[PDB]
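Read through the structure below, which is laid out as structure tokens, and then see the notes.
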Amino acid sequence: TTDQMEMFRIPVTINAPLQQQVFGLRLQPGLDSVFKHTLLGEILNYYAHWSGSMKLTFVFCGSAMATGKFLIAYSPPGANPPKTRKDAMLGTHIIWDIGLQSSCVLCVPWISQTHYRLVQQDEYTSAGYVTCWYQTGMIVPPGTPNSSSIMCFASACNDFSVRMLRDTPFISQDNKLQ
Amino acid sequence: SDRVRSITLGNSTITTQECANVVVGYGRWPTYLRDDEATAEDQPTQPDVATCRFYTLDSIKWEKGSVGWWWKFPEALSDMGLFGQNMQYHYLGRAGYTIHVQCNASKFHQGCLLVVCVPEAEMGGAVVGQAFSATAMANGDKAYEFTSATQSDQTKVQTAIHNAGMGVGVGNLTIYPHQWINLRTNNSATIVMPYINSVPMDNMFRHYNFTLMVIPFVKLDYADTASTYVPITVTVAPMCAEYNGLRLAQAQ
Amino acid sequence: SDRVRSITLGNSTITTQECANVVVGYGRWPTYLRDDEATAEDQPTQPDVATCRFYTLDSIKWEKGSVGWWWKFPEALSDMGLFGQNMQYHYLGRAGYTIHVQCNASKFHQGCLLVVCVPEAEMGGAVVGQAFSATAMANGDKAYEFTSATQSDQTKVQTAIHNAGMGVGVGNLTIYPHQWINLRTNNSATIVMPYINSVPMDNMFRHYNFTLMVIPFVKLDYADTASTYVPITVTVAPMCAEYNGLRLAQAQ
Amino acid sequence: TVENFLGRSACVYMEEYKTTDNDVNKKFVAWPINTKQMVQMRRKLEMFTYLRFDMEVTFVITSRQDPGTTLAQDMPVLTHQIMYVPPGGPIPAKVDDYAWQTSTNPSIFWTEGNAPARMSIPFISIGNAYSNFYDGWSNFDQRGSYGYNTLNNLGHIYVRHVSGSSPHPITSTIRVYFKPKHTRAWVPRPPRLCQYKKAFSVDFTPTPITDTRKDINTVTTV
Amino acid sequence: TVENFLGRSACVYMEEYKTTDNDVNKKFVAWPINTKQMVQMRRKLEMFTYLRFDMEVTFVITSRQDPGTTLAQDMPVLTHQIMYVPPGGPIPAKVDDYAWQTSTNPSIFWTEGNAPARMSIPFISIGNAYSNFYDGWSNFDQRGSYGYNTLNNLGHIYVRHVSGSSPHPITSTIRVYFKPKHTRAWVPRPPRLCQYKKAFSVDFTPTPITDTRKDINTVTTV
């Protein structure tokens with residue numbers, strides 16, 4: 001990363017190989033770098049336990065003339081993450097079609113053996129992976145840019161809650177200020 | 001609008017913002033085998049959500065010079081998860097399908113595809129009298145292609161598009177369940193095929209119940225756009241799948 | 001009589017002409033996870049007949065000098081048809097079981113086995129402080145055996161029978177669901193185990209929910225009969241199996 | 001009743017911390033909360049596989065002046081701070097560090113000469129019951145940590161003197177007592193026969209069933 | 001709930017004052033009340049733009065005998081006085097001055113060995129809510145002070161030993177804790193990302209959005 005703002009832009013391009021992966025992330029809302037500093041991750045970091053479903057909203061930011069279908073899936077934990085769209089499609093997923101409605105919501109359900117998981121997540125408390133693949137491809141007419149960006153938003157659902165108040169690892173000091 | 005469409009089978013959902021209608025077999029919705037139509041006496045398995053869900057085959061490219069493609073069923077799905085597994089462990093099987101062919105372009109592209117399901121699409125050899133092998137017509141989810149020129153290779157099927165490999169007029173394929181994807185209005189086609197056969201159930205490896213053909217009747221064309229090929233993707237979901245005669249799995 | 005018993009799950013039926021009763025967990029019959037006890041939000045698969053059926057493990061020989069055996073669950077069933085397949089493709093699983101231990105002899109043979117199901121049968125190493133691997137306690141449907149002598153091999157678990165590998169008195173294992181096969185009266189034992197754990201569902205590879213132990217408390221003995229060993233066979237059927245968190249299959 | 005059997009305060013830990021010392025670590029205690037280090041309480045809890053209860057915690061803190069050549073001093077009463085750091089919170093590296101601000105972690109400030117400090121903690125497991133045993137691994141691979149220790153992540157207890165630096169060192173000893181209340185217990189197990197060897201593992205040395213007598217009919221004492 | 005999140009006592013200040021010293025100022029503390037010097041409490045309050053609440057104040061005072069060559073003495077128990085001087089009231093210039101009479105300012109007299117001193121203060125702002133931030137100036141000119149500091153005029157806290165002059169010096173340390181109660185909060189803001197540099201200004205040093213990983217697909221730990 002050269003430019004910080006690039007971190008928010010998921011690349012999507014024309015003539016992508018069939019069934020190509022767009023991204024992959026591991027579900028540790030309070031621990032993984034992808035989530036730890038978001039609103040949700042920051043709140044989680046003042047607690048030690050969490051439980052509930054999450055909303056991952058994806059918004060397509062290309063021109064009105066571009067088209068595409070993407071498969072976004074959630075894989076409950078297991079020994080191995082999905083390496084192929086064929087692997088991914090066996091789990092919880094939604095097939096997103098681009099049109100007037102620019103955004104799509106993948107709602108990752110609370111599927112766990114325990115009622116709560118740890119914010120400082122471990123293997124026992126593993127939550128799984130979220131991956132995205134090209135369902136068809138991003139097709140474009142003449143005179144439009146060749147690649148575009150997709151953005152991802154995250155928030156908690158109404159069945160979400162946190163427990164066990166604790167101090168956050170994200171702030172410190174060596175001296176009194178002044 | 002009615003153009004909006006949402007379909008959910010098992011753990012998969014398909015959505016379309018620009019569709020035509022949904023063609024249903026010969027007006028017949030898929031259904032499980034009734035007691036008064038059965039011969040095989042063993043209690044069948046009906047895996048339900050594990051098999052009756054959407055499977056997306058490998059995509060293909062529609063280019064200005066493309067001529068047409070075909071996929072034979074159930075062969076095309078023989079490797080798809082538990083649907084394929086159940087096909088292997090059972091002597092008999094039965095199923096209907098929801099076929100969803102996807103193809104998006106732009107308001108400046110033009111082209112038109114016929115999406116048909118031909119029951120018993122028995123084909124002729126490239127050289128009359130010369131037998132060909134199964135590999136000349138189906139192999140997993142591999143798309144097979146028709147040609148403009150008449151086929152010379154005797155290991156192949158007679159692929160000349162205008163006779164659709166069956167010795168009939170390609171413009172008459174419309175008597176079979178079909179839908180058109182005219183780039184100007186559609187973006188997908190959905191056909192629900194019920195189980196059609198002369199016997200109540202059948203072996204799923206040995207008999208290709210129907211063949212899906214996607215044929216460009218009006219060539220893909222466009223102007224100075226940076227996009228070149230237009231992908232075509234086929235997603236299909238078995239419906240009311242039931243199997244009989246469990247035993248060891250068939251090696252292939 | 002009540003000695004007669006017939007049990008049907010899926011495509012399999014078990015019958016016994018000389019049985020005791022049927023022990024049921026802690027009076028708890030297996031049951032699917034309720035909405036008010038769930039955490040994992042995805043829609044689960046409940047394969048039903050494909051997984052909830054009887055699987056017969058490899059048999060073993062009960063000889064005059066045998067000391068006892070154990071099998072850990074669900075590991076023991078990891079290769080059994082679709083039950084094993086579903087275990088591999090899912091992060092979480094949940095199930096109860098009908099365990100049917102078979103052992104027939106004759107009116108002139110004598111012997112008595114304890115058939116117990118120990119929840120969380122955490123075991124000690126042959127040499128204290130020395131870690132052992134999974135292979136020292138479970139591997140498919142392979143029966144593991146206890147010993148009279150205390151174990152010296154550090155790659156093994158402390159197999160001395162009188163402490164049952166857990167550091168407790170073997171004669172007190174009766175507080176766990178059990179049945180006795182006294183050759184003089186029985187010919188089999190049937191125990192229905194419900195799902196018992198501190199969490200609603202769990203990973204099926206990483207956690208052995210319970211261990212089945214078959215221990216001869218009274219040695220096998222007989223006179224001038226031509227029969228030598230007496231086989232012991234274990235047949236078990238998962239009940240109310242449901243899985244969550246589908247993804248790629250775990251290699252092993 | 002199980003409520004009664006488990007409901008008495010038992011010492012689960014003890015450690016010393018000095019008022020003044022050259023070694024930074026000798027001046028405060030850092031304890032990873034667990035119930036496996038003190039043998040008596042451990043054996044009782046371990047008679048059940050799963051337990052669910054609220055917890056009453058009482059602290060007994062005593063101080064003594066270290067022996068030395070010159071002992072004359074006049075030190076005012078001492079005040080201690082006991083802070084609970086849930087898993088993941090900032091951990092103090094020395095008696096005078098910022099973490100002791102406790103803007104969010106719970107702390108108790110207690111002064112010597114008074115009734116022992118005490119408070120209640122509710123059932124805080126992420127599971128439906130606390131597990132005394134865990135026959136499993138941390139990794140899906142069937143590798144990593146083995147045993148109950150993999151489920152122990154209750155956090156730490158940190159304790160220091162507030163601003164108690166004295167001319168000559170004073171050593172304080174803290175003893176922590178646990179008393180479960182509003183208890184529920186499931187699936188009882190045989191009591192531990194072999195003596196305990198490790199805090200975080202079931203590990204043991206084979207011990208005989210019981211003691212012996214001369215013959216199967218011996219019933220006298222001499 | 002905000003009441004719960006903010007409702008725990010947090011250390012907002014600490015300072016030392018000697019029982020006997022040659023320097024007049026080393027014998028008493030004078031603190032301009034504010035909530036910006038201790039980082040933890042500050043970050044929490046600053047998650048909201050406006051706040052309205054009552055305040056519970058608890059003081060933790062501890063004393064230690066200063067090290068030296070001759071330490072033998074027998075000093076009776078110490079008593080401290082904590083006085084609140086609203087803006088404009090007479091400020092003490094030394095431990096023994098008239099201002100300590102407190103005929104009108106509120107004071108607390110507390111003796112060591114006892115439960116920490118405590119009291120409640122109602123919502124005392126001249127505005128309808130306390131402001132954590134103030135994007136403006138003191139002068140109409142758009143000059144003068146800039147920022148929240150221009151709205152801080154809550155007064156001072158002054159503390160001394162009552163008549164505690166000892167033969168050999170004793171150092172007392174006072175720690176003041178704030179616990180908001182009956183709270184209301186408006187217009188929430190992103191939490192402070194950059195470390196704090198000044199007590200009376202928003203000033204910071206640019207800090208990156210978050211930490212990095214090798215590539216956009218890296219999901220393993222090793």
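Ligands are numbered from 1 in the order shown, residues from 1 within each chain, and chains are lettered A, B, ... in the order they appear in the structure tokens.
All of the residues in chain E within 7 Å of chain A are residues 37, 195, 196, 197, 198, 199, 210, 211, 217 and 219 of chain E, where only C-alpha atoms were counted.
With only C-alpha atoms taken into account, chain C has residues 120, 121, 122, 123, 124, 125, 127, 128, 129, 134, 167, 168, 169, 172, 198, 199, 203, 205, 206, 207 and 208 of chain C at most 8 Å from chain D.
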Using the selection just defined, write its residues with C-alpha atoms as a PDB file, in the first residue's frame.
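Once everything was written out, this is out.pdb:
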```pdb
ATOM      1  CA  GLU C 120     -15.150 -36.659  28.133  1.00  0.00           C
ATOM      2  CA  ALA C 121     -12.900 -39.691  28.730  1.00  0.00           C
ATOM      3  CA  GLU C 122      -9.731 -37.594  29.021  1.00  0.00           C
ATOM      4  CA  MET C 123      -6.757 -39.985  29.476  1.00  0.00           C
ATOM      5  CA  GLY C 124      -3.296 -39.891  31.088  1.00  0.00           C
ATOM      6  CA  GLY C 125       0.007 -40.655  29.356  1.00  0.00           C
ATOM      7  CA  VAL C 127       4.789 -41.774  31.395  1.00  0.00           C
ATOM      8  CA  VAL C 128       3.575 -38.751  33.403  1.00  0.00           C
ATOM      9  CA  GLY C 129       4.502 -35.453  31.823  1.00  0.00           C
ATOM     10  CA  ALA C 134      -4.022 -38.647  18.737  1.00  0.00           C
ATOM     11  CA  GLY C 167      -6.984 -42.419  37.229  1.00  0.00           C
ATOM     12  CA  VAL C 168     -10.209 -43.666  38.803  1.00  0.00           C
ATOM     13  CA  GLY C 169     -11.449 -47.000  40.087  1.00  0.00           C
ATOM     14  CA  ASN C 172     -17.004 -47.195  39.647  1.00  0.00           C
ATOM     15  CA  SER C 198     -20.882 -27.840  27.475  1.00  0.00           C
ATOM     16  CA  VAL C 199     -21.585 -26.079  24.153  1.00  0.00           C
ATOM     17  CA  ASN C 203     -16.230 -29.770  15.822  1.00  0.00           C
ATOM     18  CA  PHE C 205     -12.647 -34.182  14.637  1.00  0.00           C
ATOM     19  CA  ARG C 206     -11.087 -32.114  17.371  1.00  0.00           C
ATOM     20  CA  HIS C 207     -13.318 -33.321  20.240  1.00  0.00           C
ATOM     21  CA  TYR C 208     -14.085 -36.921  21.246  1.00  0.00           C
TER      22      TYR C 208
END
```
Exercise for the section: Between CA of residue 17 (chain A) and CA of residue 78 (chain B), measure the distance and give it in Å to one decimal. Expected result: 23.2 Å
Exercise for the section: Give as a VMD selection string every residue of chain E that touches chain D within 8 Å, counting only C-alpha atoms. Expected result: chain E and resid 8 to 11 40 to 41 62 to 68 71 to 75 77 112 to 115 173
Can I get the selected residues back with C-alpha atoms, as an mmCIF file, in the first residue's frame?
```cif
data_model
loop_
_atom_site.group_PDB
_atom_site.id
_atom_site.type_symbol
_atom_site.label_atom_id
_atom_site.label_comp_id
_atom_site.auth_asym_id
_atom_site.auth_seq_id
_atom_site.Cartn_x
_atom_site.Cartn_y
_atom_site.Cartn_z
ATOM 1 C CA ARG E 8 -16.856 3.497 36.883
ATOM 2 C CA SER E 9 -14.446 5.585 38.920
ATOM 3 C CA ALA E 10 -11.348 6.576 36.931
ATOM 4 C CA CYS E 11 -8.175 8.276 38.135
ATOM 5 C CA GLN E 40 -8.163 6.688 29.660
ATOM 6 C CA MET E 41 -11.029 8.788 31.072
ATOM 7 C CA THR E 62 -1.606 7.461 50.948
ATOM 8 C CA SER E 63 1.505 8.510 52.904
ATOM 9 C CA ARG E 64 5.084 7.231 53.058
ATOM 10 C CA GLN E 65 8.070 8.246 55.157
ATOM 11 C CA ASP E 66 10.837 9.753 53.069
ATOM 12 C CA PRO E 67 14.122 7.806 53.105
ATOM 13 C CA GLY E 68 17.018 9.323 55.041
ATOM 14 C CA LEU E 71 14.187 7.770 60.439
ATOM 15 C CA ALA E 72 13.194 7.101 64.059
ATOM 16 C CA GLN E 73 10.096 9.101 65.005
ATOM 17 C CA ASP E 74 6.637 8.443 66.333
ATOM 18 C CA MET E 75 4.166 10.517 64.387
ATOM 19 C CA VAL E 77 -2.192 9.734 62.565
ATOM 20 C CA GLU E 112 -5.822 8.146 57.490
ATOM 21 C CA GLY E 113 -6.768 4.532 58.159
ATOM 22 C CA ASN E 114 -10.390 5.143 57.190
ATOM 23 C CA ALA E 115 -12.602 4.496 54.142
ATOM 24 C CA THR E 173 0.071 11.282 47.359
#
```
If you count only C-alpha atoms, which residues fall within 8 Å of residue 33 (chain B), apart from same-chain ones fewer than 3 positions away, as a CSV table (one decimal) with N, CA, C and O atoms, in the first residue's frame?
```csv
chain,number,residue,atom,x,y,z
B,37,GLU,N,-46.9,-44.9,-9.8
B,37,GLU,CA,-46.1,-44.8,-11.0
B,37,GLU,C,-44.7,-45.5,-10.8
B,37,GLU,O,-43.9,-45.6,-11.8
B,38,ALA,N,-44.5,-46.1,-9.7
B,38,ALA,CA,-43.2,-46.7,-9.3
B,38,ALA,C,-43.1,-48.2,-9.6
B,38,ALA,O,-44.1,-48.9,-9.7
B,200,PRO,N,-40.1,-44.7,-15.4
B,200,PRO,CA,-40.2,-43.9,-14.2
B,200,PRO,C,-38.9,-43.3,-13.6
B,200,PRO,O,-38.9,-42.2,-13.0
```
Exercise for the section: Find the residues near region 222-227 of chain C: any atom within 12 Å, counting only C-alpha atoms, skip ones fewer than 4 places away on the same chain, and give them as a ChimeraX atom specification. Expected result: /C:61-64,104-111,183,231
Limited to N, CA, C and O atoms, could you put the picked residues into a file as a compact mmCIF listing (two decimals), in the first residue's frame?
```txt
# COMPACT_ATOMS: atom_id res chain seq x y z
N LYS C 61 -11.91 -60.25 18.70
CA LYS C 61 -12.00 -61.55 19.37
C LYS C 61 -11.87 -61.44 20.88
O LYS C 61 -10.93 -60.83 21.38
N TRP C 62 -12.82 -62.04 21.60
CA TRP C 62 -12.78 -62.07 23.05
C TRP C 62 -12.14 -63.44 23.34
O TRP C 62 -12.68 -64.49 22.95
N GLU C 63 -10.95 -63.44 23.93
CA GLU C 63 -10.26 -64.67 24.26
C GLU C 63 -10.14 -64.75 25.77
O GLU C 63 -10.32 -63.74 26.46
N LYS C 64 -9.84 -65.95 26.27
CA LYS C 64 -9.71 -66.16 27.72
C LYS C 64 -8.85 -65.11 28.41
O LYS C 64 -9.16 -64.69 29.52
N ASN C 104 -22.49 -63.35 21.24
CA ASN C 104 -23.20 -64.60 21.52
C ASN C 104 -22.21 -65.71 21.82
O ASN C 104 -21.13 -65.76 21.24
N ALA C 105 -22.57 -66.59 22.75
CA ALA C 105 -21.70 -67.69 23.13
C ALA C 105 -22.53 -68.98 23.15
O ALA C 105 -22.91 -69.46 22.09
N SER C 106 -22.80 -69.54 24.32
CA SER C 106 -23.61 -70.75 24.41
C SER C 106 -23.96 -70.91 25.87
O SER C 106 -23.36 -70.27 26.72
N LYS C 107 -24.87 -71.82 26.17
CA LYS C 107 -25.27 -72.06 27.54
C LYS C 107 -24.16 -72.69 28.39
O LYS C 107 -24.31 -72.82 29.61
N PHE C 108 -23.06 -73.10 27.75
CA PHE C 108 -21.95 -73.71 28.47
C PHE C 108 -20.72 -72.82 28.63
O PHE C 108 -19.71 -73.24 29.20
N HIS C 109 -20.81 -71.60 28.11
CA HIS C 109 -19.74 -70.62 28.22
C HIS C 109 -20.10 -69.70 29.39
O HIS C 109 -21.27 -69.57 29.75
N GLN C 110 -19.10 -69.03 29.96
CA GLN C 110 -19.35 -68.09 31.04
C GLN C 110 -18.47 -66.87 30.78
O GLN C 110 -17.46 -66.97 30.08
N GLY C 111 -18.89 -65.71 31.27
CA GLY C 111 -18.13 -64.48 31.08
C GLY C 111 -19.05 -63.30 31.27
O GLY C 111 -20.28 -63.44 31.13
N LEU C 183 -22.87 -63.57 29.74
CA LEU C 183 -23.13 -64.66 28.78
C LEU C 183 -24.25 -65.62 29.11
O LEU C 183 -24.89 -66.20 28.24
N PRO C 231 -16.46 -63.81 19.09
CA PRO C 231 -16.40 -62.46 18.51
C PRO C 231 -17.27 -61.43 19.23
O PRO C 231 -18.29 -61.77 19.83
```
For the interface of chain C with chain A (cut-off 8 Å, counting only C-alpha atoms), please tabulate each contacting residue of chain C alongside its nearest pair of atoms and their separation in Å to one decimal, rows sorted by chain and increasing number, as a tab-separated table.
```
residue	atom	partner	partner_atom	distance
C:38	CA	A:115	CA	7.5
C:39	CA	A:112	CA	5.0
C:40	CA	A:111	CA	1.7
C:41	CA	A:110	CA	3.9
C:42	CA	A:109	CA	5.5
C:89	CA	A:78	CA	7.5
C:90	CA	A:78	CA	6.1
C:91	CA	A:78	CA	3.9
C:92	CA	A:113	CA	7.3
C:199	CA	A:114	CA	4.9
C:200	CA	A:113	CA	4.9
C:201	CA	A:113	CA	4.2
C:202	CA	A:113	CA	5.2
C:203	CA	A:78	CA	7.7
C:244	CA	A:76	CA	6.8
C:245	CA	A:76	CA	3.3
C:246	CA	A:91	CA	4.5
C:247	CA	A:75	CA	5.2
C:248	CA	A:87	CA	5.2
C:249	CA	A:80	CA	7.1
C:250	CA	A:79	CA	5.4
```
Compute the chain C side of the contact with chain B at 9 Å, counting only C-alpha atoms, and hand it back as a JSON list (two decimals) with C-alpha atoms, in the first residue's frame.
```json
[["chain", "number", "residue", "atom", "x", "y", "z"],
["C", 11, "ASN", "CA", -32.31, -48.75, 5.63],
["C", 43, "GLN", "CA", -29.46, -23.14, 8.22],
["C", 45, "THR", "CA", -28.30, -29.89, 7.04],
["C", 46, "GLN", "CA", -30.11, -32.85, 8.53],
["C", 47, "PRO", "CA", -29.28, -35.66, 6.05],
["C", 48, "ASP", "CA", -31.70, -37.91, 7.86],
["C", 49, "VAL", "CA", -31.71, -41.52, 6.53],
["C", 50, "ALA", "CA", -28.37, -41.10, 4.76]]
```
Exercise for the section: Report the residues of region 62-107 of chain E whose backbone DSSP state falls under helix (DSSP H, G or I), written as JSON, numbers by chain. Expected result: {"E": [98, 99, 100, 101]}
Practice task
Could you tell me which of C:67, C:213, C:14, C:220 comes closest to residue 117 (chain C) if we count only C-alpha atoms?
Solution key: C:213
DSSP-assigned strand (DSSP E) members of region 17-64 of chain C, reported as a PDB file with C-alpha atoms, in the first residue's frame:
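Dumped everything to out-v8.pdb:
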```
ATOM      1  CA  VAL C  23     -30.462 -48.016  28.460  1.00  0.00           C
ATOM      2  CA  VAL C  24     -31.197 -44.425  27.468  1.00  0.00           C
ATOM      3  CA  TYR C  55     -22.834 -48.808  10.816  1.00  0.00           C
ATOM      4  CA  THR C  56     -20.984 -51.996  11.802  1.00  0.00           C
ATOM      5  CA  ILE C  60     -12.757 -58.295  17.521  1.00  0.00           C
ATOM      6  CA  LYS C  61     -11.998 -61.552  19.370  1.00  0.00           C
ATOM      7  CA  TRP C  62     -12.780 -62.069  23.053  1.00  0.00           C
TER       8      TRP C  62
END
```
Practice task
Please identify all polymer residues within 8 Å of residue 71 (chain B), counting only C-alpha atoms, omitting same-chain residues fewer than 5 positions from it, and present them as a ChimeraX atom specification.
Solution key: /B:76,138,141-144,211-213
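Going from CA of residue 18 (chain D) over to CA of residue 159 (chain D), you cover 11.0 Å.
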Problem - Shell of 10 Å around residue 28 (chain B), only C-alpha atoms, local chain residues under 2 positions omitted, as a ChimeraX atom specification - result: /B:23-26,30-31,96,192-196
Output for the residues just chosen: N, CA and C atoms as a compact mmCIF listing (two decimals), in the first residue's frame:
```
# COMPACT_ATOMS: atom_id res chain seq x y z
N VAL B 23 -39.75 -20.08 -18.07
CA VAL B 23 -40.42 -21.10 -18.86
C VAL B 23 -40.42 -22.35 -17.99
N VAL B 24 -41.55 -23.03 -17.96
CA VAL B 24 -41.72 -24.26 -17.19
C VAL B 24 -42.05 -25.40 -18.14
N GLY B 25 -41.15 -26.38 -18.19
CA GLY B 25 -41.28 -27.61 -18.96
C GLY B 25 -42.38 -27.59 -19.96
N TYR B 26 -43.26 -28.57 -19.95
CA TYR B 26 -44.36 -28.51 -20.90
C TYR B 26 -45.52 -28.17 -19.97
N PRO B 30 -41.59 -29.86 -11.68
CA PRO B 30 -40.94 -31.07 -11.17
C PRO B 30 -41.69 -31.64 -9.97
N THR B 31 -41.67 -32.95 -9.83
CA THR B 31 -42.40 -33.59 -8.74
C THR B 31 -41.83 -34.99 -8.42
N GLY B 96 -35.64 -33.11 -11.75
CA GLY B 96 -36.05 -32.06 -12.66
C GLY B 96 -34.97 -30.99 -12.42
N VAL B 192 -37.38 -24.26 -16.27
CA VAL B 192 -37.56 -25.31 -15.27
C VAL B 192 -37.94 -26.58 -16.04
N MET B 193 -37.06 -27.58 -16.08
CA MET B 193 -37.34 -28.84 -16.79
C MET B 193 -37.84 -29.94 -15.87
N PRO B 194 -39.02 -30.53 -16.16
CA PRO B 194 -39.47 -31.61 -15.28
C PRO B 194 -38.79 -32.91 -15.75
N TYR B 195 -38.95 -34.01 -15.03
CA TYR B 195 -38.35 -35.26 -15.47
C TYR B 195 -39.18 -35.81 -16.65
N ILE B 196 -38.52 -36.04 -17.78
CA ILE B 196 -39.16 -36.54 -18.99
C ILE B 196 -38.41 -37.79 -19.47
```
